[PDB]
Amino acid sequence: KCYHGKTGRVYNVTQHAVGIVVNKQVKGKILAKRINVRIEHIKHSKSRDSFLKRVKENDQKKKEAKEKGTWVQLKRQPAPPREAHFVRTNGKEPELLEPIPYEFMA
Amino acid sequence: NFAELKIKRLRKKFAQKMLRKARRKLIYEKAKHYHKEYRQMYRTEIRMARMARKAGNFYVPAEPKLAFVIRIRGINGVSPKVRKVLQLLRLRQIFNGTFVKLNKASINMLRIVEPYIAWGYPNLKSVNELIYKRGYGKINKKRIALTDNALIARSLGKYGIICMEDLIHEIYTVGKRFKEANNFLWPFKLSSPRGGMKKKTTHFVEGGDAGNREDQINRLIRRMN
Amino acid sequence: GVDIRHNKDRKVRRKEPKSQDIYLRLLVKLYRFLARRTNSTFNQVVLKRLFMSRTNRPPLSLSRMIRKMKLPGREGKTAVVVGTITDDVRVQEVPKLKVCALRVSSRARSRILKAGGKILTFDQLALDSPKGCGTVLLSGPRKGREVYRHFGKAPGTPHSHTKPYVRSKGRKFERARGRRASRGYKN
Amino acid sequence: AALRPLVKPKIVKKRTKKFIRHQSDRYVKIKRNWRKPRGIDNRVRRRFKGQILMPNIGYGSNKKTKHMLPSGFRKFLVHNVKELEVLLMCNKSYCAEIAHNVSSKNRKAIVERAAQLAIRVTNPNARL
Amino acid sequence: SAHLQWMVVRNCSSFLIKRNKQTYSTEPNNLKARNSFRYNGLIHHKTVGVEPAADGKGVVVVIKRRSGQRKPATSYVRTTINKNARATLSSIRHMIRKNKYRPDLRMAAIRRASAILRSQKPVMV
RNA sequence: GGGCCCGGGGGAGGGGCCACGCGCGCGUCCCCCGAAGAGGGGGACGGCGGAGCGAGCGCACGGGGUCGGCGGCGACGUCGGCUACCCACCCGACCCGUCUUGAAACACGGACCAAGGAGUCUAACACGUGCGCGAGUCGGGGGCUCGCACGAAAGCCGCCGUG
RNA sequence: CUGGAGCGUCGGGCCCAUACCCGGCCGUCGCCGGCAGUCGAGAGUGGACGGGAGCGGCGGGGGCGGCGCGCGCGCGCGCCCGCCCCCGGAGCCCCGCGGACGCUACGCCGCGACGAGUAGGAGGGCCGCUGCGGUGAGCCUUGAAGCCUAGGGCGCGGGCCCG
Ligand SMILES: [Mg+2]
Ligand SMILES: [Mg+2]
Ligand SMILES: [Mg+2]
Ligand SMILES: [Mg+2]
Ligand SMILES: [Mg+2]
Ligand SMILES: [Mg+2]
Ligand SMILES: [Mg+2]
């Protein structure tokens, strides 16, 4: 039960089980320990697969735009400030909001 | 020999009075650019709100990109996760301050230490005051006073930053080098706030002093320089 | 009101030879000079070795000094050992070498000279190549001491073989509970 | 008007009072010599308020004026005559102090040999 | 070699005197009694000394000969100068310098010469 | 409003410029004269030659940490002395040692003062460190040399490898 | 204490910690720190030496600029030709020909940072006690040890020196 929910890479493959190395924290020191788990208790973690898709695209966007020489934003970059814009009301003033009078519902 | 060396060194003497002139003039005119930009940026933000107001229309100015964070409570009885952040913003000692670049990850690190800090959006004069009067540069892991700008070029020259005034570009207009600019700046050590705070414990919005105060932080930087 | 751990701010490394032998203190006075001045990291390693302990600059056998000089290219250079050159009775074809060392055992001194070689000391090496140009820095195996066998996990923890301290090895000395599967268990 | 010093700075002394030992007043069995109190509930060692002060290092004299007499010269415990010509050169910086147990006859001979080569003596008019 | 001896004599010398938070060296013909390397008498192989003349008036100038040392009986030549405190000074001046004889002692030799003469004249009021 | 925006152009003596010489024939660009070109004139710009160019004393200085080229009284019953003697005051302040989560404790030892008084030696390991020698290296017991003054030391021995 | 020195909601102003700022000193740590005789302050080479020649230069970005320019290349003197010379003296803000006062090289020096503490560890103690091998041409009946001192002082202190 202490590995339930944990990820780890594969190092062995037997007929219907898979040796797999995970980390397990114990009173401090983290021990990289290898367990034998039959396949029914295992999935492919797409945690890896966001990258290898940013990779296949980065390697592609670098091979191209190299015949141009134009440097492209390859690195990710966190959500920036939201970049001053306009708002347009067309022919209405905004709707007036008022806090509504309390009444005991029960 | 003698008057073939005498000339050889005198040439190397003047070849500097060329360079330290050309370097002095380049700084001078880079400082004219940063006069025109900082004026066009002020105006053209007024230029625009004036133009939306003419129509039945509105303006939302840009989300501030630069926020200057001060720590306002000391160090004891401070949470684990709090203490990690505050040493990533480099607000180690109480009552010092650093320029943090606003960003989805940065903003979500100020939320988590809000009861300890007091941050807001600095204006130009607030940037100058901090950089000149209380601006020390990290050179060879030392707090060395920024007395002459051959100390700024000696550290940042690989980024087009060459003078005290070029530092302030990269600090105002967040720019490509904010990472190296605002990490050679040693954390600003500001005095106590002349006139006192309101309530160090509680948040600004409930009459206190903590957390974010958009643009009202400049009054706090006067009384604390 | 600052919040750094002063736990390990003081760095524990030797900055002077703990020994009193005036000779080692003299060529330390020499590479306390070269190390600060010349761009060569060479003497910065030579200096940082002249501090270290006997137990930390082990002797270099003569044969381990051959196969490190026989490698393709390092011909014509000088072997440089901050330590002693011992002899190796289990080696005979002594090529001509140029060696520097603090000490060279008397037997290895005659194997080297007889082969048309030359031995210097760390002050003539300063005049040969003050930058350390055309040199080879070597050392004996620091994990060579028999002490390093008793180090490790433990004897008696699972499949971690480490020699235990026993007053005298024999039949009846530590082959029992914990060693043969028949008597208790084994690891 | 004897033997000005080379440089007479402003000597400042952070504390001028002694450091008596805790409770060296109540009991006579206890000397005034400092002993660092090591009681669990001792109120000086935990530096309480209005208690006698514990000497520490940041309490110490300026590096320039250290060991300096109020006149300016450092003392040198000169023991006989030949140990005076040691100071023949280092004389405008520091001076000569004749040892207690010098007989009265050569205690003179040390005095006027110093006044020959201008070595101020702090106890020059002593035994007589 | 000089640097060798100095490592045997830095401490552990019969002329070294350490008291009252200073150190000093009473060895012969060293200027200003400094337990030092420059200002040492025996360790070196070219040394200049200046001590009063045994008469009461004058200044004697010890120069090590360096022709052959480990010959302490003659390795070591003296001379006398009884003159007018301005040529006296300019004799040790011309004797140390423009002889390239240890021009470290060059000034310390003079300040010891001058301080010798100040010690042989009417003493006090 | 930005392209130090473009600019052929006109003011009309608009303001302000860390511009820099004219001579002249460059890289580029713009303009104008010129055929679009060659070439010329003007300008932008570059650059450094078809030029550029080349030195003396001052204040200084809101310039790499203060100096005065300013001065005044005091002197045989009056100067100087921090710290330590006595006294005075304002603020502070509970008695030390100890076991203890917690001691000023209504917890225990302690009237006072002198002298005495407690992590030692041996053996055996272990690691670190210094030194000699180095596939070796000893050290003991013996032996050879003294009545020792220092000696019951030091020196030496295919003993030195029996081990 | 009672239109308050009471209770709510608010102003200004002021008061104070060993907290923060600036400064002084003391120590510790860091600086691959500097100093055993050397130029050099975003350093962005220095030197032969030959052939040819000279006002040439390297006719490159509104860049605003960093790599190249206006204190000189060549020059005044000897008279188009020669030189452009030697520190036993250039007169020195750089001196590479010789190096401090400073350099006890386990010495001296410049920068920064930092300094709560039981149990415990480590380091340093020209802190102290007794005795030995050295050494101080040490001290001493013209007064040693000890003791006594509202006598002058040094050290953060252990303690120490003097009267
Ligand atoms: Mg609290
Ligand atoms: Mg709270
Ligand atoms: Mg209890
Ligand atoms: Mg009670
Ligand atoms: Mg009990
Ligand atoms: Mg402490
Ligand atoms: Mg006695």
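Among B:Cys163, D:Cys90, E:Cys12, C:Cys100, rank each residue by its count of other Cβ atoms within 10 Å, from fewest to most, as a rough exposure measure.
Lowest count first: E:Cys12, D:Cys90, B:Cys163, C:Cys100.
What list do you get for B:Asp166, B:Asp148 if you sort them by fewest beta carbons within 10 Å?
B:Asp148, B:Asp166
Can you give the FRET efficiency for C:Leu113 and C:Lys77, using 1/(1 + (r/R0)^6), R0 = 25 Å, r = Cβ-Cβ distance, to the nearest 0.05?
That gives a FRET efficiency of 0.85.
So what are the ³J(HN,Hα) numbers for segment D:2-14, from phi and the Karplus equation (6.51, -1.76, 1.60; θ = phi - 60°), rounded to whole Hz, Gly and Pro as x?
10, 6, 3, x, 5, 9, 10, x, 8, 8, 10, 10, 4
Got the relative contact order for chain A handy, in percent, Cα pairs under 8 Å and 6 or more residues apart?
Rounded, it is 13 percent for chain A.
For the residue pair B:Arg47 and C:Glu174, what label-to-label distance in nm results when each label sits 7 Å from Cα along the Cα-to-beta-carbon direction?
Output for this residue pair reads 8.5 nm.
Which FRET efficiency, nearest 0.05, do B:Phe2 and C:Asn56 yield, Cβ-Cβ r, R0 41 Å?
0.15
Dimensions of segment B:133-172 along principal axes (Cα, Å, largest first)?
22, 22, 15
Please name which of B:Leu146, A:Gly5, C:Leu47 has its Cα lying farthest along the dipole of the protein assembly as shown towards the positive end, using unit charges on Cβ (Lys, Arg +1; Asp, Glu -1) and the Cα centre as origin.
The one lying farthest along the dipole's positive direction is C:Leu47.
Number of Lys-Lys pairs in segment B:65-146 under 24 Å by Cα, sequence gap 8 or more or different chains?
22
First select every other residue whose beta carbon is under 11 angstrom from the beta carbon of D:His100; then total the charges, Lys and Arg +1, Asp and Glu -1.
+1
Of A:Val26, A:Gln73, A:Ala84, which is farthest towards the positive pole of chain A's charge dipole, taken about the Cα centre with +1 and -1 on the beta-carbons of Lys, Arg and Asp, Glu respectively?
The residue sitting farthest along the positive end of the dipole is A:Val26.
A:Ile20's amide H: which non-local residues (gap 5+, or another chain) put their own amide H closer than 5 Å, with H modeled 1.01 Å from N in plane and none for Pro or chain starts?
Sorted by chain and number, the residues that satisfy this are A:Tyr11, A:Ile35, A:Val37.
Relative contact order of chain B, please, whole-number percent, based on alpha carbon pairs below 8 angstrom and at least 6 residues apart.
21
Can you compute 3J(HN,Hα) from phi for each residue in segment B:90-100, using the Karplus curve 6.51 cos²θ - 1.76 cosθ + 1.60 with θ = phi - 60°, rounded to whole Hz and x for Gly and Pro?
Each residue's phi maps through the Karplus curve to give 6, 8, 4, 5, 4, 6, 9, x, 9, 8, 9 Hz.
Please give, to one decimal in nm, the separation of the simple spin-label points placed at E:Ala87 and D:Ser104, each 7 Å out from Cα toward the Cβ.
4.9
Based on Cβ point charges of +1 for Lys and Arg and -1 for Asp and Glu, what charge dipole magnitude is obtained for segment B:120-179 about its Cα centre, in debye rounded to the nearest 20?
Rounded to the nearest 20 debye, it is 380 debye.
About its Cα centre, what dipole magnitude does the protein assembly as shown give when the only charges are +1 on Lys and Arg Cβ and -1 on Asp and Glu Cβ, stated in debye to the nearest 20?
2820
What 222 nm value per residue comes from the helices of the protein assembly as shown, counting each DSSP H run with n ≥ 4 as -39,500 (n - 2.57) and dividing by all residues, nearest 500 deg cm²/dmol?
-8500 deg cm²/dmol
Once you order the gyration tensor axes a ≥ b ≥ c over the Cα atoms, which shape class does chain E get: rounded for a/c under 1.5, otherwise prolate or oblate by comparing a/b with b/c?
Oblate is the answer for chain E, as a/c is 1.5 or above yet b/c matches or exceeds a/b.
Taking the dipole about the Cα centre of the protein assembly as shown, with the C-beta of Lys and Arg at +1 and of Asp and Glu at -1, give me whichever of A:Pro101, C:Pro72, E:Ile96 is farthest to the positive side.
E:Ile96
Expected output is a single nm value to one decimal: the length gained when fully extending between D:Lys63 and D:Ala115, i.e. 0.36 nm times separation in residues minus the C-alpha distance. What is it?
15.7 nm
Suppose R0 equals 35 Å. What FRET efficiency, 1/(1 + (r/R0)^6) with r the Cβ-Cβ distance, do E:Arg106 and C:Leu26 give to the nearest 0.05?
With a Förster radius of 35 Å, E is 0.80.
Given Cβ point charges of +1 (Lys, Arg) and -1 (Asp, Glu) and nothing else, what value in debye, to the nearest 20, does the dipole of segment C:53-145 about its Cα centre take?
Value, rounded to 20: 320 debye.
In nanometres, what is the gap between the two model label sites at E:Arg78 and A:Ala79, each 7 Å from Cα along Cα-to-Cβ?
The modelled label-to-label distance comes out at 9.7 nm.
Quick one: which of D:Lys13/D:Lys92; C:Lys18/D:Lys63; B:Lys25/B:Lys189; D:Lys63/E:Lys32; B:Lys176/B:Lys198 span more than 27 angstrom between C-alpha atoms?
Long pairs (Cα-Cα over 27 Å): C:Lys18/D:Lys63; B:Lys25/B:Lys189; B:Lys176/B:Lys198.
How would you rank C:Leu97, B:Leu10, D:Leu77, going from fewest to most other Cβ atoms within 10 Å of each one's own Cβ?
Fewest-to-most ranking of C:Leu97, B:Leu10, D:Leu77: B:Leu10, D:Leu77, C:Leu97.
Here, each number is a calculation from the coordinates, and none is a lab measurement. Note that each Cβ is placed from the backbone with ideal geometry, even for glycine, and that neighbours are counted across all protein chains shown.
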